[PDB]
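Asker: So I've got this experimental structure, pasted below with the sequence.
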Amino acid sequence: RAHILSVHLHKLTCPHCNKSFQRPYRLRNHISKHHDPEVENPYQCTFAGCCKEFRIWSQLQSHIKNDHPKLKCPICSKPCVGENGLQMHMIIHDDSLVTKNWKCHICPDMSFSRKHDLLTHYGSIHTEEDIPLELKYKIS
DNA sequence: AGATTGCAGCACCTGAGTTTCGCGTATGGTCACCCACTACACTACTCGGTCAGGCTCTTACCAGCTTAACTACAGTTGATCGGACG
Ligand SMILES: [Zn+2]
Ligand SMILES: [Zn+2]
Ligand SMILES: [Zn+2]
Ligand SMILES: [Zn+2]
């Protein structure tokens, strides 16, 4: 895989000056300046569904760090991008919309009908230690 | 009534119709081995983004002046706007 990407598919080289760069990111920045079109805003947001464009690389660095920070779900630690990403993923845990089933983390048999009732099993066969966070998190 | 002779009865070697058999030749059947394909979960090296380090370029200068434009003061006229008409 490395041989193909270093002897035949020269993807890390400039299309114009024939320098090369240690990551595609720096090649992109290089093309955006040293071989740039007459465009006023040489930088464009690299992320999903974002259409914004910028004059100086520092403003793009700021925009990525502000509006596309890479987060982990507070409950399930799965990664997501930006405020919308977190708010979209938080629906999955929501007990008002997602009228989910109720089970033990270990015991195969459980089949509760309400959240308060599920805490009886975790309060007796387990205890207040090693209950799952989605059950515990009365955060709203 | 004897010398010549046939009948036919005895016994033992022999022959086929009939049978049981052995094998060929070949066929369906047991079952043991090991192969091919598939696949859930995994191993591990690379690529990639991000960050620092610190060497690097390039700015534009102080008050004044002296080369260059605006940036406020200013006046009659627009035609959206309110709110009420059709
Ligand atoms: Zn180049
Ligand atoms: Zn963006
Ligand atoms: Zn979550
Ligand atoms: Zn249990």
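Answerer: Ah, there it is. Numbering: from 1, shown residues only, chains lettered A, B, ... in the order given. Ligands and ions are numbered 1, 2, ... in the order given.
Asker: Quick check, residue A:69 in contact with residue A:84.
Answerer: No - in this structure residue A:69 lies outside contact range of residue A:84 using CB atoms under 8 Å: 11.5 Å. Bear in mind the C-beta positions are built from the backbone N, C-alpha and C, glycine included.
Asker: Please, where are all the strands along chain A?
Answerer: Taking DSSP state E to define them, one finds strands in chain A at A:43-44, A:53-54, A:70-72, A:79-81.
Asker: Turn these into TSV, columns for mean neighbour count.
Answerer: Output for the strands of chain A, formatted as TSV (neighbours: other CB atoms under 10 Å):
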stretch	mean neighbour count
strand A:43-44	18
strand A:53-54	16
strand A:70-72	13
strand A:79-81	15
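Asker: Nearest the middle, which residue of chain A would you pick?
Answerer: Central residue of chain A (CA atoms, centre = their mean): residue A:80, 2.4 Å from the mean position.
Asker: For that one, name its beta-bridge partners.
Answerer: Beta-bridge pairing for residue A:80 (DSSP bridges): residue A:71.
Asker: for ligand 2, what are the nearby residues on chain A?
Answerer: Counting by CB under 5 Å from the ion, the residues of chain A close to ligand 2 are A:45, A:47, A:50.
Asker: distance of the last one from residue A:26?
Answerer: For residue A:50, the distance to residue A:26 under the criterion CB to CB, to the nearest Å works out to 21 Å.
Asker: can you check residue A:39 too?
Answerer: Taking CB to CB as the measure, residue A:39 falls 20 Å from residue A:26.
Asker: Where do the helices of chain A begin and end?
Answerer: Assigned by DSSP state H, chain A shows helices spanning A:2-3, A:24-34, A:57-67, A:82-93, A:115-122, A:133-136.
Asker: Ok, which of those helices comes nearest ligand 3?
Answerer: Distance to ligand 3, taken as CB to the ion, is lowest for helix A:82-93 among the helices of chain A, at 5.5 Å.
Asker: Give me the contact list for stretch A:133-140.
Answerer: Identification of contacts with stretch A:133-140 by CB atoms under 8 Å, 6 or more residues apart in numbering yields A:74, A:75, A:76, A:93, A:115, A:118, A:119, A:122.
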